[PDB]
Amino acid sequence: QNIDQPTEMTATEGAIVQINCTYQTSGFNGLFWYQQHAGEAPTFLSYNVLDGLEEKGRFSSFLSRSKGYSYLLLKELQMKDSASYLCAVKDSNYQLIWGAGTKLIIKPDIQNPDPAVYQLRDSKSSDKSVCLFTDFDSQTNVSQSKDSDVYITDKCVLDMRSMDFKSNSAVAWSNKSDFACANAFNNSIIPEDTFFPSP
Amino acid sequence: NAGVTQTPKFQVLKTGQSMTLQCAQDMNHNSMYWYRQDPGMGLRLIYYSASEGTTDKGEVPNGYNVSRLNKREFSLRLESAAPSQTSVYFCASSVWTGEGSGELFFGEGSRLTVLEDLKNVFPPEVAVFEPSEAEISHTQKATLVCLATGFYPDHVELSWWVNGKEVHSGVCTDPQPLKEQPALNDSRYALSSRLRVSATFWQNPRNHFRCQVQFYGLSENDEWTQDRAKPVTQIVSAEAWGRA
Amino acid sequence: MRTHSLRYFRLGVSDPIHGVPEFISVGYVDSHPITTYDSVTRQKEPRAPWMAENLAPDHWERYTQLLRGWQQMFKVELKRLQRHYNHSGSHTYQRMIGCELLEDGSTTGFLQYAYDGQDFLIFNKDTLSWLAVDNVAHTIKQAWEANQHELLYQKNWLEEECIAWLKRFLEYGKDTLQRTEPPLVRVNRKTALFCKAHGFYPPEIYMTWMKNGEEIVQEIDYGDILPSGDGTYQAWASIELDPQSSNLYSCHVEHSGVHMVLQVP
Amino acid sequence: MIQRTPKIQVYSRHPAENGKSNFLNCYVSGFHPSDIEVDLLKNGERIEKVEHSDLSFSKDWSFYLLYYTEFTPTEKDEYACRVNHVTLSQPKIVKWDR
Ligand code: NA
């Protein structure tokens, strides 16, 4: 008895994504989709048991029993849709068989990219130097460090709600003497026009 | 009302130690379930209880037992914890079972880490870094960064506090921590967070900013024999003030 | 093959006499009991040897758990019916679900409930609705029809799962279920002519009397098809003799694609 | 509330012949509700070694049961089935008629 769904998908804010699930089970009493935000509990999204498409808000769920196939369709993607999506099937004995989940990553639409690498002010309580790569378009990828004494975190989407403003950023830090923000992200492909303020 | 309430949210255990996870539901549901969730695989049922007064094994019962104490409560017991039982445990309930369409309602989850030796447990160091003046002049915005570093296991909650009230708008905390030594199975972790405010807000000298990390670690009955301080459950924080 | 069916029954009793179960659930393939469960054993058990031999312990274990829950649900539903009827004393609740695989390959599926042995709610799996016989049922109808996904679940179970189970059990029991034992048929006088058949399987048979080559259903006394105890069945039909005229009487028996005529001299 | 009285049919497994071992059957059917008492009688005396099928369910919601015992019919021995049910004020006795 097997459930299969892709490990990860990445789509753009405002767009449409179809998450597939195929199953081979000993009998069939229905197919569920659940949403699970990172660190949170799964919540029920949908149930299908006959063939066809069912709509609930911005989400639709499709089933073909003869193809052993379902998709969960998300329209008008929002950042809040970033989550894992779990497919699960009830077999002839009402056992739920769970797919391993699809992690959905949403790229924010950055209206006015202003890529820059800034040096944060030192803390008198820390030996770390800290650099912030920020305000870059969502097509930029941030590579992890290749220096074992440099730490680089993945990009994070921050939402300044009162200003309806979103921005990507990643953080790099080190306590090494040769660490400089001008070279912190040298292992990533960054925009040609990235702003590096003078030291 | 409350839905499904399970405890504890986080727990560190030494190999051989005993642990009970509690679960209650207040939805007058008949069926209850205990699942574990592990990376790379679907949820696996440990034990379930189709109705008050009956329980049975799921797919991975070995090392566990359950008690359906009454219609509301279904507890999960690890008599002698093993490292393989490191996992995230979810209690769930449904109105009945053996009907097709009824869904599961899940509890918040219980994250357990079982270790051969508690000497690998460390609280975070927490530091706050004030915004770059170049950012302020170029963007009219100001990004503070919080780093919580060197902690193990990954049982932390980071929050920002502005003027003594917790805030969420303008915050982004890494969804996953970074292994400081990614080739080590018990690597300590790092976690970064950002809080971005307007330049005008940062430039008000009365505004105050704090990053706070709650760490879930050892308790009184855990044995400690290391030279360093016992890494108990605790809150570690760092602050900044706005700058005129 | 011939038509075959799979059916599961439930019986709930609100105030049973001491020792008598408050809940029983029994499965059948055709006329053969295949499974049993009740609130005293609290275990699902085979009732045919060809079920015990072909279903592993995990099957019985899992459905034992489900039936313990179905038992409780049945008690709650009966409690609700008897309160809304405002009835005192002991009352019954019954359910029957199942499906048929007809000789021509078409299928049927059905699900219905009874209170005190009388129809209460009847599922229509094509209009996806419940037929209520009175206002207590009408209230239940509204609550069940409000859960549209459950109606779709039951249509799929009746049309696909149940037929799949039926075919699986028919193969398990094929040496019993798919055999033919022809009837032994005789006529005697008792004035009425009795036509008597025994030793046959399957139990479906048609016996009738013809007078001068014409059937006369209104003048015939049809006996029930009855179990003989050894796996076979017996039946009879009688007609009374007109002593005022000579008439040719003949017993006609149809069983499993074979027709037999016994002419009375 | 509608209660249904049992139909009661008494018959041998095979056509009876004296001196030849047989089975005496009592098939009780069409009754509702399900509690019922059934005995097989030999010359008016209750037979001890009597078996019966589990309670069985009909589509019309009534119940049926088969009660049986091995016997050798003789010319003089008379057999019957005695049945009590809530629909019967007194036990009903149906004699085996061959
Ligand atoms: Na166990």
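All residue numbers here begin at 1 and follow the chain in the order shown.
Any Cβ shown, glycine's included, is placed from N, Cα and C.
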So Swiss-Prot lists C:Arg10, C:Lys44, C:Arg95, C:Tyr153, C:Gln154 for 7-hydroxy-6-methyl-8-(1-D-ribityl)lumazine; which of C:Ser25, C:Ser129, C:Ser228 goes with them?
C:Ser25
What does Swiss-Prot give as the disulfide partner of C:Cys195, choosing from C:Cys99, C:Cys251?
C:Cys251
Which whole-number value in Å describes the distance between the Cα atoms of C:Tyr153 (5-(2-oxoethylideneamino)-6-(D-ribitylamino)uracil binding site) and C:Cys162 (disulfide bond)?
12
Among C:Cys99, C:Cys162, C:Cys195, which are recorded as disulfide-bonded residues, the nearest neighbour of C:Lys44 (5-(2-oxoethylideneamino)-6-(D-ribitylamino)uracil binding site) by Cα:
C:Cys162
Through the lens of DSSP with three states only, how would you label C:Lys44 (5-(2-oxoethylideneamino)-6-(D-ribitylamino)uracil binding site)?
coil
When the Cα-Cα distance from C:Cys162 (disulfide bond) is computed for each of the binding-site residues C:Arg10, C:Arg95, C:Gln154, which gives the smallest value?
C:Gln154
Which ones, out of the recorded positions C:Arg10, C:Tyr153, C:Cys195, C:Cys251, lie near enough to chain B that their C-beta is under 8 angstroms from one of its C-beta atoms?
C:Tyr153
Where 6 intervening residues lack coordinates, what is the integer distance in angstrom between the Cα of C:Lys190 and that of C:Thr191?
6
For C:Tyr153 (5-(2-oxoethylideneamino)-6-(D-ribitylamino)uracil binding site), which DSSP three-state class applies?
helix
Among the 5-(2-oxoethylideneamino)-6-(D-ribitylamino)uracil-binding set C:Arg10, C:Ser25, C:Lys44, C:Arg95, C:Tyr153, C:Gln154, as the record gives it, the longest Cα-Cα distance in Å:
24
Cα of C:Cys195 (disulfide bond) to Cα of C:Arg95 (5-(2-oxoethylideneamino)-6-(D-ribitylamino)uracil binding site): how many Å, rounded?
37
